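Below is one structure, written out as structure tokens, with a few remarks after it.
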Amino acid sequence: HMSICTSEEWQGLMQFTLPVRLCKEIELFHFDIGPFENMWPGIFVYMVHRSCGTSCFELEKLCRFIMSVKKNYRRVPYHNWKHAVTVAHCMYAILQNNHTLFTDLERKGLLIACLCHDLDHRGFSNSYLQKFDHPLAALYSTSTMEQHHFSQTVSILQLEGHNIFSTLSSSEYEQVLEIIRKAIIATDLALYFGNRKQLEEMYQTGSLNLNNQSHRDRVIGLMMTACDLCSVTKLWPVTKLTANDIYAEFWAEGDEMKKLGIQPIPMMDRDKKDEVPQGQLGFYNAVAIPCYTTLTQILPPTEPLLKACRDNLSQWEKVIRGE
Ligand SMILES: Cc1nc(C)c(CNc2nc(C3CC3)nc(Cl)c2C)s1
Ligand SMILES: [Mg+2]
Ligand SMILES: [Zn+2]
């Protein structure tokens, strides 16, 4: 079962108008949604309207969907409503800067997949659920949380007056659900490493073809990782504050492991906070930098994401050096 928005919630969203001041702002990659909490659902509607038009979905159905997705995000330190909108905004900026490379169905699917990609996250990693044999890990062997996120997205669409994709043809409805499924699964970081290595191979050899569906799915997969990690592409004070939320969530999981006499990895151990700058250096060098480097190579307009990521890496190097 799913939590449903109240009549007042979606009606309030329907009447919303984005301030003109933010129209130029929202178009940039480094845009931080952080200071505009009350406007987040409205920002999502605005982004949908600019990405695929004002009649892209029935306004009423869209507002119900958005407000219900919001209620099915938990009050965890990081994988919450704020993270969903932040990831959706990064996708909006990638799509706007590469508009015709993607179909109307892909832009529709990807913005919805980004808003739903961590739906009902409990603040626990796939490793934790598998190790402690959680019922969700019994249901899904690999990409446990990601398959749950997709299952929750489908369940929200099935709610009365929430199926934003009902007016698509049977072939189109099936196609968008597959775009959404693969997009959400690709946010499992364990799949990223292999995905990025294959894309680098295809690019260097010159075999990468966006007309080839398998190649297309891999590019979409990398766009998903890039959006999921975009906090590393914001201005340094924003990146720093989000890192506090990221570790608050990891440390809470570590605390749960310590309560059961198990020592967590240093990243999930709050008594190991001095190791954070070196942990971030490793993450930028091994995960974030290659992600945005490959993304810029495939989609040159995404270059500002790589530039901003390199700037934050330098900020982390300064923390390690004592500056
Ligand atoms: C609670 C979380 N769970 C996962 C799986 C996350 C993945 N995203 C990140 N992970 C890290 C790790 C090195 C500390 N750093 C950054 Cl900057 C980001 C964006 S965050
Ligand atoms: Mg996730
Ligand atoms: Zn995420």
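Starting from 1 in every chain, residues are counted up; chains themselves are A, B, ... following the order of the structure tokens, and ligands are numbered from 1 as listed.
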
Practice problem: Would you mind listing what lies within 7 Å of range 196-213 of chain A as JSON, numbers by chain, with only C-alpha atoms counted and same-chain residues fewer than 2 positions away left out? | Solution: {"A": [192, 193, 194, 215, 216, 217, 222, 291, 294]}

Practice problem: Using only C-alpha atoms and all ligand atoms, determine which residues fall within 6 Å of ligand 1, then list them as a count of residues only. | Solution: 11

Output the neighbourhood of ligand 2 as a JSON list (two decimals) with C-alpha atoms, in the first residue's frame, that is, all protein and nucleic acid residues with some atom at most 7 Å from the ligand, counting only C-alpha atoms and all ligand atoms.
```json
[["chain", "number", "residue", "atom", "x", "y", "z"],
["A", 117, "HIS", "CA", 14.61, 6.83, -7.85],
["A", 118, "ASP", "CA", 14.95, 6.60, -3.98],
["A", 145, "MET", "CA", 16.54, -1.02, -2.67],
["A", 146, "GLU", "CA", 16.51, -0.03, -6.42],
["A", 187, "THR", "CA", 21.29, 4.26, -9.63],
["A", 188, "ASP", "CA", 22.70, 1.12, -7.83]]
```

Using only C-alpha atoms and all ligand atoms, which protein or nucleic acid residues are at most 10 Å from ligand 3, as a PDB file with C-alpha atoms, in the first residue's frame?
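The new file selection19.pdb reads:
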```pdb
ATOM      1  CA  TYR A  78      19.930  12.066   3.062  1.00  0.00           C
ATOM      2  CA  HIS A  79      17.747   9.816   0.846  1.00  0.00           C
ATOM      3  CA  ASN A  80      14.716  12.093   1.356  1.00  0.00           C
ATOM      4  CA  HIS A  83      17.489  14.479  -2.688  1.00  0.00           C
ATOM      5  CA  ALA A  84      14.727  13.410  -5.180  1.00  0.00           C
ATOM      6  CA  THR A  86      17.944  17.734  -6.486  1.00  0.00           C
ATOM      7  CA  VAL A  87      18.486  14.639  -8.737  1.00  0.00           C
ATOM      8  CA  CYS A 114      14.714  10.804 -11.019  1.00  0.00           C
ATOM      9  CA  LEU A 115      11.924  12.009  -8.732  1.00  0.00           C
ATOM     10  CA  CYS A 116      11.102   8.389  -7.820  1.00  0.00           C
ATOM     11  CA  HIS A 117      14.613   6.834  -7.852  1.00  0.00           C
ATOM     12  CA  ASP A 118      14.953   6.597  -3.981  1.00  0.00           C
ATOM     13  CA  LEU A 119      11.186   6.244  -3.131  1.00  0.00           C
ATOM     14  CA  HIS A 121      14.360   4.701   1.195  1.00  0.00           C
ATOM     15  CA  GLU A 146      16.508  -0.032  -6.419  1.00  0.00           C
ATOM     16  CA  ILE A 184      16.190   3.434 -11.320  1.00  0.00           C
ATOM     17  CA  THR A 187      21.286   4.259  -9.627  1.00  0.00           C
ATOM     18  CA  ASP A 188      22.697   1.120  -7.833  1.00  0.00           C
ATOM     19  CA  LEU A 189      26.324   2.346  -7.565  1.00  0.00           C
ATOM     20  CA  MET A 224      21.388   8.586 -13.783  1.00  0.00           C
ATOM     21  CA  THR A 225      24.665   8.182 -11.793  1.00  0.00           C
ATOM     22  CA  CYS A 227      22.362  13.118 -11.438  1.00  0.00           C
ATOM     23  CA  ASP A 228      22.432  10.893  -8.335  1.00  0.00           C
ATOM     24  CA  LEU A 229      25.903  12.226  -7.354  1.00  0.00           C
ATOM     25  CA  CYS A 230      25.310  15.936  -8.431  1.00  0.00           C
TER      26      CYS A 230
END
```

Quiz item: Of the candidates A:239, A:54, A:163, A:126, which one gets nearest to residue 138 in chain A if we count only C-alpha atoms?
Solution: A:126

Quiz item: Tell me, which residues of range 6-50 of chain A carry DSSP alpha helix (DSSP H), written as a ChimeraX atom specification?
Solution: /A:7-14,40-50

Exercise. Tell me, as a ChimeraX atom specification, which residues lie within 12 Å of range 152-160 of chain A, counting only C-alpha atoms; anything in the same chain fewer than 4 positions away does not count.
Key: /A:1-5,60-62,64-73,109,112-121,145-148,164-166,173-174,176-178,180-181,184

Saved selection, atoms kept: C-alpha atoms, as an mmCIF file, in the first residue's frame:
```cif
data_model
loop_
_atom_site.group_PDB
_atom_site.id
_atom_site.type_symbol
_atom_site.label_atom_id
_atom_site.label_comp_id
_atom_site.auth_asym_id
_atom_site.auth_seq_id
_atom_site.Cartn_x
_atom_site.Cartn_y
_atom_site.Cartn_z
ATOM 1 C CA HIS A 1 0.000 0.000 0.000
ATOM 2 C CA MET A 2 0.977 3.696 -0.593
ATOM 3 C CA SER A 3 0.546 7.067 1.113
ATOM 4 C CA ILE A 4 -1.786 9.377 -0.885
ATOM 5 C CA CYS A 5 -1.738 13.231 -1.006
ATOM 6 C CA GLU A 60 -4.462 17.439 -12.081
ATOM 7 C CA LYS A 61 -2.950 13.877 -12.431
ATOM 8 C CA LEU A 62 0.656 15.314 -12.368
ATOM 9 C CA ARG A 64 -1.538 14.317 -7.451
ATOM 10 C CA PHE A 65 1.456 12.137 -8.524
ATOM 11 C CA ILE A 66 4.150 14.653 -7.341
ATOM 12 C CA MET A 67 2.492 15.276 -3.929
ATOM 13 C CA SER A 68 2.012 11.506 -3.357
ATOM 14 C CA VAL A 69 5.691 10.750 -4.344
ATOM 15 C CA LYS A 70 6.666 13.426 -1.705
ATOM 16 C CA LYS A 71 4.677 11.604 1.048
ATOM 17 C CA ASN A 72 6.336 8.237 0.193
ATOM 18 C CA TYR A 73 9.851 9.638 0.917
ATOM 19 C CA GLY A 109 10.421 8.878 -18.244
ATOM 20 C CA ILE A 112 9.795 10.872 -13.353
ATOM 21 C CA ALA A 113 12.490 8.186 -12.731
ATOM 22 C CA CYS A 114 14.714 10.804 -11.019
ATOM 23 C CA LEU A 115 11.924 12.009 -8.732
ATOM 24 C CA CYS A 116 11.102 8.389 -7.820
ATOM 25 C CA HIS A 117 14.613 6.834 -7.852
ATOM 26 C CA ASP A 118 14.953 6.597 -3.981
ATOM 27 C CA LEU A 119 11.186 6.244 -3.131
ATOM 28 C CA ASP A 120 10.610 4.833 0.372
ATOM 29 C CA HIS A 121 14.360 4.701 1.195
ATOM 30 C CA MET A 145 16.541 -1.016 -2.673
ATOM 31 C CA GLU A 146 16.508 -0.032 -6.419
ATOM 32 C CA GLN A 147 14.011 -2.801 -7.312
ATOM 33 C CA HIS A 148 11.925 -1.655 -4.292
ATOM 34 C CA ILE A 164 0.113 10.242 -15.626
ATOM 35 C CA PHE A 165 1.026 7.734 -18.385
ATOM 36 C CA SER A 166 -2.525 6.284 -18.945
ATOM 37 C CA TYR A 173 3.208 2.830 -21.756
ATOM 38 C CA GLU A 174 5.264 -0.419 -21.764
ATOM 39 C CA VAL A 176 8.220 4.308 -20.606
ATOM 40 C CA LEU A 177 7.956 1.772 -17.716
ATOM 41 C CA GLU A 178 11.063 0.012 -19.133
ATOM 42 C CA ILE A 180 11.981 4.071 -15.754
ATOM 43 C CA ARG A 181 12.894 0.535 -14.568
ATOM 44 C CA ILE A 184 16.190 3.434 -11.320
#
```

Quiz item: Could you name the residues that touch residue 107 in chain A at 9 Å or less, counting only C-alpha atoms, but leaving out those on the same chain fewer than 5 positions away, as JSON, numbers by chain?
Solution: {"A": [48, 51, 52, 91, 92, 95, 99, 102, 112]}

Quiz item: For residue 264 in chain A, which residue among A:129, A:22, A:252, A:101 is the nearest when counting only C-alpha atoms?
Solution: A:252

Selection: 9 Å around residue 277 in chain A, only C-alpha atoms, excl. self and same-chain fewer than 5 positions, as a short mmCIF file (atom, residue, chain, number, x, y, z; two decimals) with N, CA, C and O atoms, in the first residue's frame:
```cif
data_model
loop_
_atom_site.label_atom_id
_atom_site.label_comp_id
_atom_site.auth_asym_id
_atom_site.auth_seq_id
_atom_site.Cartn_x
_atom_site.Cartn_y
_atom_site.Cartn_z
N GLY A 282 39.13 9.83 -2.21
CA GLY A 282 39.02 8.55 -2.87
C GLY A 282 37.78 8.49 -3.74
O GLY A 282 37.86 8.07 -4.90
N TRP A 316 38.58 19.60 -1.38
CA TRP A 316 38.84 18.45 -0.50
C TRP A 316 40.34 18.28 -0.27
O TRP A 316 40.73 18.01 0.85
N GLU A 317 41.16 18.47 -1.34
CA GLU A 317 42.64 18.40 -1.28
C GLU A 317 43.15 19.48 -0.32
O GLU A 317 44.04 19.19 0.48
N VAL A 319 41.45 20.77 2.26
CA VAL A 319 41.09 20.34 3.63
C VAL A 319 42.18 19.38 4.15
O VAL A 319 42.65 19.54 5.28
N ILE A 320 42.60 18.41 3.32
CA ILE A 320 43.64 17.43 3.67
C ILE A 320 45.00 18.13 3.95
O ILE A 320 45.68 17.77 4.91
#
```

Quiz prompt | Å distance separating CA of residue 30 in chain A from CA of residue 322 in chain A, one decimal place | solution =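 Pair CA of residue 30 in chain A / CA of residue 322 in chain A returns 26.1 Å.
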
Quiz item: Could you work out how far CA of residue 35 in chain A lies from CA of residue 55 in chain A, giving the answer in Å with one decimal?
Solution: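 Separation between CA of residue 55 in chain A and CA of residue 35 in chain A: 28.7 Å.
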
Quiz item: Between A:263, A:139, A:104, A:271, which has the minimum distance to residue 53 in chain A (counting only C-alpha atoms)?
Solution: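 That would be A:104, the residue with the smallest distance to residue 53 in chain A.
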